[PDB]
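First the structure, in the form of structure tokens, and then the observations on it.
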Amino acid sequence: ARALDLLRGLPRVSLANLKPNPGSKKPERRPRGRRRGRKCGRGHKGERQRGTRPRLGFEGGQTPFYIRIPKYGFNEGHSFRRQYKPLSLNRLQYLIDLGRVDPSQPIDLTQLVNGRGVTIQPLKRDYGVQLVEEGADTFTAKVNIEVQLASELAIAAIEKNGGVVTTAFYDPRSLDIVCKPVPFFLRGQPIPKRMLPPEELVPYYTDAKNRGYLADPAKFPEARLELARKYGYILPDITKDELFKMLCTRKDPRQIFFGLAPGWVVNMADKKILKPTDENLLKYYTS
Amino acid sequence: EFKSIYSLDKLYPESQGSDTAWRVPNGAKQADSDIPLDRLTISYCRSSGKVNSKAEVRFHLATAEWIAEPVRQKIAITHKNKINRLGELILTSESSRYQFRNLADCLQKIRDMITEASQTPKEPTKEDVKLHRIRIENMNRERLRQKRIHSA
Amino acid sequence: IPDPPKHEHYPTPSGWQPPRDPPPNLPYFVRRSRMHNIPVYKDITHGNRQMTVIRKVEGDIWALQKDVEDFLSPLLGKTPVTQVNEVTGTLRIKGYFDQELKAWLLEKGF
Amino acid sequence: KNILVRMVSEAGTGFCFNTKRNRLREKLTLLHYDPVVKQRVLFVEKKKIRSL
Amino acid sequence: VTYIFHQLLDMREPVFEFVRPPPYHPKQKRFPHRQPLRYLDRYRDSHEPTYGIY
Amino acid sequence: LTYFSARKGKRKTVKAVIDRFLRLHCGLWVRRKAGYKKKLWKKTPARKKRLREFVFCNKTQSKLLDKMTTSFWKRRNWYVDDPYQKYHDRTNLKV
RNA sequence: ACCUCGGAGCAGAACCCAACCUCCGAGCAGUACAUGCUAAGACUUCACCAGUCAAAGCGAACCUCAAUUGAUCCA
Ligand SMILES: [Mg+2]
Ligand SMILES: [Mg+2]
Ligand SMILES: [Mg+2]
Ligand SMILES: [Mg+2]
Ligand SMILES: [Mg+2]
Ligand SMILES: [Mg+2]
Ligand SMILES: [Mg+2]
């Protein structure tokens with residue numbers, strides 16, 4: 001580079017030589033002098049120069065605009081509505097292609113966050129990831145993914161490449177735990193049992209058409225065949241697959257993690273796992 | 001390994017198999033309406049990015065053995081505006097920007113044509129928006145037919 | 001950030017492609033972002049100013065400016081309006097040309 | 001003088017509409033279009049609430 | 001006519017279609033004051049959900 | 001409008017604005033017409049139809065409402081079945 | 001004495017234009033009950049709020065008048 005060759009001359013850099021980049025340090029304007037004084041930008045008398053101007057939204061006495069308009073329940077229950085971070089098929093393909101989350105293992109919320117493909121906010125009322133069909137075509141992944149919402153086109157696209165998609169539920173506490181497991185492990189609490197979906201999400205997650213994690217697996221093949229028939233591209237048999245065992249991992253409900261069970265305690269220093277015998281605890285953590 | 005009282009085996013004791021959700025019902029779901037996808041030529045080519053991909057499904061209607069003879073002839077009669085020089089039926093779709101949905105619409109069109117030509121006792125509802133003029137013109141045309149002899 | 005895996009045939013789905021070895025013999029060089037992408041970004045200051053930024057240039061940047069002008073002059077019908085920043089080795093172009101510049105730099109092999 | 005009354009249909013139940021009526025005249029039975037059945041049905045005046 | 005094109009002119013039959021000029025809309029404003037919510041619908045190409053970077 | 005609160009030193013929001021208006025993420029504010037459910041017996045069907053509309057606000061009104069609300073009400077929301085989901089983004093707008 | 005709304009002059013020929021200026025008026029009435037629903041494009045009382053007109057379309061037969069009026073909250 002020519003810059004260090006220039007620096008080879010150029011007396012040494014010290015604390016007497018430093019200078020900000022031009023444009024970064026805008027100069028302060030002071031009320032002293034002929035131009036900036038004698039009124040100091042406040043104008044002549046009234047409420048303006050004296051600073052006692054009426055509040056924002058006041059219009060001089062006439063009924064204000066923000067009060068004239070009738071009330072309407074636009075943001076009525078805004079803090080109670082559920083939200084789902086969109087995850088597109090092309091973004092998932094990009095994640096797979098760039099050495100991020102590995103299709104050779106089941107893909108769930110924690111894997112997506114650790115690969116940093118989605119950022120889930122348990123506060124601000126996000127209930128997980130919703131799968132969308134933006135990159136339905138040019139999507140050759142062959143993944144076993146677990147999401148919280150999915151469109152039928154995304155289900156078709158994923159099932160079409162030899163993969164399996166399932167739709168699970170997480171309460172906010174389990175959402176936080178599964179998105180940031182390490183802080184939960186440093187918290188010192190035993191792993192809780194995942195809660196059942198609310199009464200209005202029950203028919204969604206017990207429906208085999210949405211690939212719900214609470215629906216009977218006796219209706220999955222007929223729905224998969226129906227999707228394949230609707231969209232062409234005949235359905236592949238994944239039982240004859242070399243990764244069928246990995247694709248079958250289903251992560252039992254009331255089990256936030258894969259190999260871990262509710263009630264266990266993780267000791268990160270002196271790495272081991274504590275199990276709560278006194279079978280009353282087993283009854284609580286299993287029921 | 002871990003199983004809770006809401007485990008799938010306890011929730012649905014009949015469906016306890018390991019491969020019970022992945023077995024293909026190809027043995028029974030092999031009717032004549034399956035529309036063998038191998039014998040349909042599907043082309044995905046229109047300059048997308050106006051962002052609407054195009055679905056084009058074409059198939060030689062005459063040599064389509066998976067469609068019965070009388071319904072095949074009825075389709076050839078009632079959709080003759082979609083038959084190319086080589087005799088193949090042409091169906092295209094532009095509803096969405098996903099070729100998946102476009103192909104789905106094409107297949108639905110094929111199924112609807114097949115199951116509409118199969119059931120001939122359908123009652124055609126009268127319309128008087130575009131064909132009223134044509135029928136009146138044809139009537140006043142046929143009004144001009146009166147000699148005794150002519151041939152060919 | 002993990003190194004992208006060795007794919008058998010490029011470009012991969014979603015259009016990713018690694019930089020080629022050895023680096024092209026050019027007076028300038030454009031590094032990749034930490035996530036292995038082409039450092040061409042859209043920018044909008046006011047509601048109007050659409051610009052593109054080529055950010056990680058290394059070497060002389062005037063050759064890159066010459067190449068960018070020669071490449072985008074036929075597409076625009078005029079020479080592009082451009083700002084050169086040597087101290088922070090970036091190249092600012094008036095107008096949106098992000099996809100064109102990404103494809104162009106990929107074809108040059110950066 | 002003139003009173004605004006509420007007219008309720010029999011078929012297409014639940015659909016009402018307000019019309020102006022002279023007070024001295026008998027209760028109104030009128031043909032009116034009912035959009036929940038997409039045809040004109042009878043409407044009978046019920047529960048007058050206005051005085052203009 | 002179609003069989004005329006079939007065997008007389010040995011050519012593929014052309015079919016035409018009466019199209020109309022695209023509907024006129026004014027230049028889109030950043031703040032469409034007092035326009036109904038459907039004002040934004042006259043300026044889309046595809047009526048399908050979009051998710052840009054997600 | 002309580003630019004600085006006596007408890008946290010934070011800007012506050014006027015809740016009348018929240019009760020009356022909806023903000024699209026593009027920057028547009030949607031309101032209802034005044035009098036859209038008052039004395040419908042003296043109004044023509046065209047007047048009532050134009051009163052039942054959800055309309056946009058001025059640039060001045062939009063900046064005023066942005067000042068009157070906090071940045072929490074300007075974040076990108078991802079509701080499940082939002083009827084205004086498609087209106088949160090602008091398309092084919094030039095400068 | 002007046003305070004809101006409309007017509008005429010001043011203000012002669014696109015628009016606008018004051019007055020404790022000159023004159024008239026209004027705070028209704030009458031008839032169908034599609035006085036249904038939607039929807040391009042426009043006007044606009046010099047802001048806003050309000051207000052005004054309207055093609056195409058879906059259905060169904062084959063609107064007069066100048067003003068005639070009152071936001072939000074709340075009931
Ligand atoms: Mg002095
Ligand atoms: Mg002074
Ligand atoms: Mg003064
Ligand atoms: Mg007052
Ligand atoms: Mg920027
Ligand atoms: Mg105006
Ligand atoms: Mg009309």
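Within a straight-line Cα-Cα reach of under 16 Å, A:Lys275 can be paired with the following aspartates and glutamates, leaving aside sequence neighbours fewer than 8 residues apart in one chain: B:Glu1.
For chain A, set up a Gaussian network in which alpha carbons nearer than 10 Å are linked by springs, and say which option among A:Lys180, A:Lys26, A:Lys219 fluctuates the most. Per the Cα network of chain A with a 10 Å cutoff, A:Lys26 tops the list.
Taking chain D on its own, what percent of its Cα-Cα pair distances exceed 15 Å? Each step should come with its number before you reach the end.
Details: 546 of 1326 pairs.
Percentage above 15 Å: 41.
Here the calculated FRET efficiency for A:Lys240 and A:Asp102, from their Cβ-Cβ distance with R0 = 25 Å, stands at 0.65, rounded to the nearest 0.05. By the beta-carbon count within 10 Å of each Cβ, the least crowded to most crowded order of E:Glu13, B:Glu123, B:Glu14, A:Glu152, fewest first, is B:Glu123, B:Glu14, E:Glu13, A:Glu152.
Taking a straight Cα-Cα cut-off under 18 Å and skipping sequence neighbours fewer than 8 places away in the same chain, the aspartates and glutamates within cross-link reach of B:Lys82 are B:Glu56, B:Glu94, B:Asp105, B:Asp112, B:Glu116, E:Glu13, E:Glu17.
Centroid-to-centroid, using Cα positions, the stretch A:100-129 and the stretch F:1-64 are 37 Å apart. Taking the Cα atoms of the protein assembly as shown, the ratio Rg/Rh between the radius of gyration and the Kirkwood radius comes to 1.02. The mean of 1/r over all distinct Cα pairs in the stretch F:23-95, once inverted, gives the Kirkwood hydrodynamic radius of 14.5 Å. For D:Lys47, a cut-off of 22 angstrom between C-alpha atoms picks up these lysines, skipping any fewer than 8 places away in its own chain: D:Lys1, D:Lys20, D:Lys27, F:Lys37, F:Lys38, F:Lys39, F:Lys42, F:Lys43. Inter-chain Cβ neighbour count for E:26-38, averaged per residue, equals 6 (cutoff 10 Å, partner chain atoms only).
Over chain C, the ratio between the Cα radius of gyration and 2.2 N^0.38 Å evaluates to 1.11. Approximating the spin labels as points 7 Å out from Cα along Cα→Cβ, the B:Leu131-to-A:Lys124 distance works out to 5.8 nm. For D:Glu26, B:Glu94, the sequence from fewest to most other C-beta atoms within 10 Å is D:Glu26, B:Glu94. For the stretch A:1-50, the ratio of Cα radius of gyration to the globular rule of thumb 2.2 N^0.38 Å stands at 2.26. For the cross-link pairs A:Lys71/F:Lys49; C:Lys6/C:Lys94; C:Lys42/E:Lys29; A:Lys240/C:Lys6, the ones whose C-alpha atoms lie over 25 Å apart are C:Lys6/C:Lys94; A:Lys240/C:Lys6. Relative to its residue count, chain B spans a Cα convex hull of 295 Å³ per residue.
With each label modelled as a point 7 angstrom along the Cα→C-beta vector, the A:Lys271-F:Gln85 pair spans 4.2 nm.
Each distinct pair of alpha carbons in chain A adds a 1/r term; the inverse of their mean, the Kirkwood radius, is 24.7 Å.
Where a number appears in this text, it was derived from the coordinates with a stated rule and is not lab data. Cβ atoms come from the backbone with ideal geometry, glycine included; neighbour counts cover every protein chain shown.
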